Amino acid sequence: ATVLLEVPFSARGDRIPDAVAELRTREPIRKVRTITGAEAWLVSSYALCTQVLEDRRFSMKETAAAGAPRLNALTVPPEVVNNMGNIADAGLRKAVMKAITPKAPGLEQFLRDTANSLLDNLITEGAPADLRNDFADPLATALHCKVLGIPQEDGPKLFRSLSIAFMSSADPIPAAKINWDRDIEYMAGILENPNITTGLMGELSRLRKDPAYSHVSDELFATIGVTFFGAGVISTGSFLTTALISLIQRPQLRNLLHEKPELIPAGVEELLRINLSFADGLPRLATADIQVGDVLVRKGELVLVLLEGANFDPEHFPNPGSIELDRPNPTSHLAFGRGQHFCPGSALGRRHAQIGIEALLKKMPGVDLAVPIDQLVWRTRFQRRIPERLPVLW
């Protein structure tokens, strides 16, 4: 006798477990147990993943309901689970979107300058270099300080919340509340700070005083700053880090992108498709009884949408484990989700990765791992899969 299959399967972000393809073929929706001890339906085919994400009867906001089966413990107040819905309801969705596009004047130049400065410092210090802690994460942090309009010098302290804030824990995390409350206080001060006139926080500070937003709560304005910083930083830094691993392990691709940098955006799209940065399936709670494949999901049950299930499904992406720059459906992956909750930072995230890679290949065309790949230490019980250090030589 064996216990019910447990998720997640592996914290390793450099290979997909052979188990995923077996499940997809035999039982593309099947029962699993989460770290909390709750039961859930794990969905692993492209067809079923899309079905779930496109049906709002599978609710994100209801995952925060008291008494619901949980993937993991809340690390924010339950209202913050509906963050984008609260933003929308306050009339702020267009303004937030506009602030977080990579089209702002000078933003791309800033990214390229920051990336080049980080790499120059690594070259000066000499090999081995840690591309996570000393490149990808500081590049993500600098980008989000600029996008938010907050001082660069404030980035590191906000960044140090994230190793706890994005934990995937069975139980509530006392440190997460301490850091949340502190970061909220910081963003509330930013909104009252007359020096802050650019970026997302500059725009929120203005809208706060406009009569059309006089009844929007101060709690929401501060929340938007904390959540967009955290979500953007953890996502872009984690994605770039694990994409660099995939690229480094493919010298032929590294050489092609070095030689033809106009292929970088197609490259990043394939790196997005094969990315294992999300450690857990995307959670949804059924609000009705809904047929998904061979299973009738009952109202109040938890469903987990496995992104790598969808993105390595050979029925949608033939030869799924291969990077192919000429697929006919290249942006049809689920790396940014799908439907109501599609990532509002998708363009910024693509641009962060494209620029980080372009700059790396120009400065370190011979970049290679400085340790055997099995020596990378993969962070556990976290909402992302990331190596603690990424040592490289060049």
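Each residue number is its position in the shown sequence, starting from 1.
Undergrad: Taking the mean of the C-alpha B-factors per stretch from the entry, tell me the winner out of 247-255 and 230-238.
TA: It is 247-255.
Undergrad: Report the stretch with the higher mean CA temperature factor, choosing between 195-203 and 67-75 on the basis of the entry.
TA: Here the higher of the two C-alpha B-factor means belongs to 195-203.
Undergrad: Out of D313, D280, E185, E219, whose C-alpha atom has the biggest B factor in the entry?
TA: Comparing C-alpha B-factors across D313, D280, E185, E219, the maximum falls on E219.
Undergrad: Going by the deposited entry, which of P172, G225, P102, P138 has the highest CA temperature factor?
TA: Result of the comparison over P172, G225, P102, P138: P102.
Undergrad: Could you tell me which third, lowest, middle or highest, the C-alpha B-factor of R208 occupies within its chain?
TA: Tercile = middle for this residue's CA B-factor.
Undergrad: Among the modelled residues of this chain, does the Cα B factor of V3 put it in the lowest, middle or highest third?
TA: CA B-factor rank for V3: highest third.
Undergrad: Comparing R273 with the other modelled residues of its chain, is its CA B-factor in the lowest, middle or highest third?
TA: It falls in the bottom third of the chain.
Undergrad: For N82, return the chain-relative third of its C-alpha B-factor as stated in the PDB record: lowest, middle or highest.
TA: Tercile = highest for this residue's CA B-factor.
Undergrad: Test of reading the entry: by CA B factor among the chain's modelled residues, which third contains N116?
TA: CA B-factor rank for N116: highest third.
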